[PDB]
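What follows are structure tokens for two forms of the same protein chain, given separately as structure 1 and structure 2.
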Structure 1
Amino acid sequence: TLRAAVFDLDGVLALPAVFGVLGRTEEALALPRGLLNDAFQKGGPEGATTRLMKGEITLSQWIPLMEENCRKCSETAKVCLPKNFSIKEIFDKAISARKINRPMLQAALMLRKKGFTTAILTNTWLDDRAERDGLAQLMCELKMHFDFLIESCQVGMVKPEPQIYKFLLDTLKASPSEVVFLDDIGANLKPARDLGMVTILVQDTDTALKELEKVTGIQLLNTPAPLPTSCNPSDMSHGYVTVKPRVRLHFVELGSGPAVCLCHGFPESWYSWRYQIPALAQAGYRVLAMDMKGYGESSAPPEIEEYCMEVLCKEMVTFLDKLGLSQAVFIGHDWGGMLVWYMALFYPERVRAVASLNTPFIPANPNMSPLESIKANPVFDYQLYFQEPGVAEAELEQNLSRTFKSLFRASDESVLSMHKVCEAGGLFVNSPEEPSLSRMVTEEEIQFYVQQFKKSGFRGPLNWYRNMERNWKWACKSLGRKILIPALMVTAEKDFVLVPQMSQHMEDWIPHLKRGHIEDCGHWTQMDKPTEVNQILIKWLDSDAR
């Protein structure tokens, strides 16, 4: 029974193969066929390329050795190398043309999800070229989806030498019959076959995956679209900033580039952005996913006034000051979305761009108190249940697992009313004791929220709703303003509280507003439709926030 799958990089996980590109360069330069391969392989196990692949010399040390082999080959073939001949240029182009073979990576991901140990085994070099970052980025994106990365130049061995196969087996902690090995080089499969491993010669991706599908008995081709990459909390970089003596803010950080600050809703976590964090970092952004004040590993002071928007926004400004950031792109959802609009209104100099999921820009009504506004808008009547300190805390804290399983559901899986919360005296009054698990979440994901809420519970989170008068008076100071910085409003078709029509007057305040809209999406946008959220955010960030 197969338990491990090994992939080569060049010609397998990354396409085109370097020598595929070079065959075309050879033809374009009108060189004799095979001259570059011949000069590359010159001396075989005793040659310059074996020294390179074993890590004895760097790629920059190897370049002139390859140039000399090309001259020797051309002299013997009685041909002249062209005037502009440069191994540096030729190899730079071949390395840069190489991109992840997405169907191959998808198959490796499916196998690992099904319990396989996966590895990359590659003949590679120590890259010290001025352009080395390109290949470093590619390797970084690939390696994180595998249990092991074995590089010839780091282990001092190369394929097809038999010792590297014994090293692979030792690394995998598996017998050869438990391994499936994929390579586009027939001579590199021979030692693996020799030991008793299943081997697949990768000539074309589709045929190779068909052989892999048959031997593993796992569907790899024609599969449903996979979810974006998620986060394992224990593998993230965790950051902590004290904004004031009693308040520290926790965040998860990933990537490099413009800072993108993600602000979750109620009652959530930095983990609500799990499908966005890897995607936004891969897209070229430095992601800062907050635990907002009152949540997770951030401080949760008991006082209501610690959660008014003016205080919360001031603290987010301090957060940027202490990290040494003049600006960040602010992306919010739900209560986070409300906060980000207000960051754009009061601190535009610190906000590079602003985006909200579901929450429209809600201006203060100077002619009505927030309680009179709730009276005139009964879709928000449930917020009255959140007013009295202790009442909603008692219901939400009674059974954390039940709380999160009842809340985090798709539009069609709703177990909550919302419209009759006050009349019924609670959120879960007509909800089951043991709700089924939504198709959106796994039991493990639910238990992470349960664990997070065991620290401070719901007092801090509910206090976000307990500052209506303070928030109203503060928001009234901004009534003569317009939001003129780059802005995106994303609506969700099936959010029955934050309906898309609630955002219809936003252009009155934000004239240059850009929009996104997600079909068949409920309230929990990030986990309901992660692929769609990612596409919308990346397109907008790349056009408006760079």
Structure 2
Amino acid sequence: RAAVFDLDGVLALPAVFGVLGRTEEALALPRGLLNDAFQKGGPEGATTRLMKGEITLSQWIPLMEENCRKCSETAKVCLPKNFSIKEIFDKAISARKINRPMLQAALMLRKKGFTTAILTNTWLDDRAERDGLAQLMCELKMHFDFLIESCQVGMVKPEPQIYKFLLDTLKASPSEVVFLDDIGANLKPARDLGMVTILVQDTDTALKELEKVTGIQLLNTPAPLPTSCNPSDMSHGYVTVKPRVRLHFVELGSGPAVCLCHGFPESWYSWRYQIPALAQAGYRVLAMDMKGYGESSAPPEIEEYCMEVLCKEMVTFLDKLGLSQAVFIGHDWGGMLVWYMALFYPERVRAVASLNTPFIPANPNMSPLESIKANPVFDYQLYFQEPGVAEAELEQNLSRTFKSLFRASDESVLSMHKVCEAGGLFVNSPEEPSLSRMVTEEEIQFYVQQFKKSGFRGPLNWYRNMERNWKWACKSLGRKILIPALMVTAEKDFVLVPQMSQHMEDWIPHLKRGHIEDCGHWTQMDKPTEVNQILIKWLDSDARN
């Protein structure tokens, strides 16, 4: 079973082709006068050549104008003084956007064992504004197994050849493929070939039919999770910031550099839901594998993990990448790291954003270790102090450790307190942990395999520099964070509680905020949609300028 969608008028609206009709009416021109100068010539027409990739769009423009002149000459009418076919198609193409519901129906079908493809009569775009279309096509590509463009294969609908090609690349026979098109002319060939067709006028009737023919609910359906990313399809980057310290990161998109810094015990993969979104939103996302994790180096020494060296290393990272600035977005320990980046390296930080982790300036008086005993919730941290211990149980069974940790605010399975006293962190925890609604078995295994390389020694060392981080932080008490900053609190984070952030404006005057209902500690996985929404609204107004 396979699904084929045309671009114009099906996956993308308003149908660019449909601007010809509108133009005609807006100019009080004979009905179809522009749709005739468009087909003027049939298979041997300038437009068929254009659709076959024979000539470019900029080359087609003039050929179309004349066709508009000659066609207006026969209809005995005259075009407006400054009639511009390029001005009409520019506004038409940029005016066209993805038909969300239709794309969701595609995503759905593919998700339920359907090969999907886009069969479209399109052109080689060389306009100074070709980028706009390149982006749309780029966002659609990733969602379909195939994208057959006419100007690329040298064929064009309704020629029977393009349909034989479709079925050939689809590895399928008709009566096994559904063909959606807003133009009957191009439907016929596919219909006559035996494949199910759907004439698309209105999206909903179109989907009702589709839903009705595939026997799958495509309409009134929930609301998908934002696009996640498959590790193997990501661009992997490696930067040596020091002799034997190499940092790994995932890179996607173009635009201002947005550096994502995960917490404990995570990976760049914890941003799997915002890397695609943030890139699509116009940013060059660099999801980090913080020192001690994944493909980044994991030196054993404890002090290699104090904020001072970690921050000093991020700075070097930007340096080695020719970046003078990057907005830092962190979560948990990464969030702690980001606040200090803004406090110690403002020049390098374009903007700072932190999820769950608030900025509490250090107390020049009471040592850290004490300020951590005064709150049973941070007990587990005292347990991570002793080198060896935590590594022991956390590395004993990786799938168990992660299935146990990555859980929603409700589905908890660990007595977060009375840890040290209880001996371990999984003491009265199931050996066979249930599976969180936030993660699939597959995703958990990604962390398992990722943590099989260096283990928890490096990750845990982040927790073993309280005294050191403290002395450093005290150097910044007279400062204030005066660059764009965003604090995002999670209602149901029972350790990094929203209340701890309440005084942040004292040190971050212009601090902007974000909050998320029923969201646990793993904000990214828990509420990917709302998180993306908050970071993008923020980035677009405070980190782009």
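Shifts are known only where both forms have a C-alpha. Numbers follow structure 1, counted from its first residue as 1. Rigid core: the largest C-alpha set superposing within 1.5 Å between the two forms.
Only one of 378, 245, 432, 224 has its Cα shifted by 2 Å or more between the two structures after fitting on the core, and that residue is 378.
The two forms, fitted on their core, place the C-alpha of residue 413 0.3 Å apart, compared between the two structures. A C-alpha shift of 2.2 Å is found for residue 22 between the two structures, based on superposition of the rigid core. Core-based alignment between the two structures gives a C-alpha movement of 1.1 Å at residue 177. Shifted regions between the two structures (core-superposed; runs of 3+ residues, all CA displacements of 2 Å or more, residues common to both forms): 19-22, 375-379.
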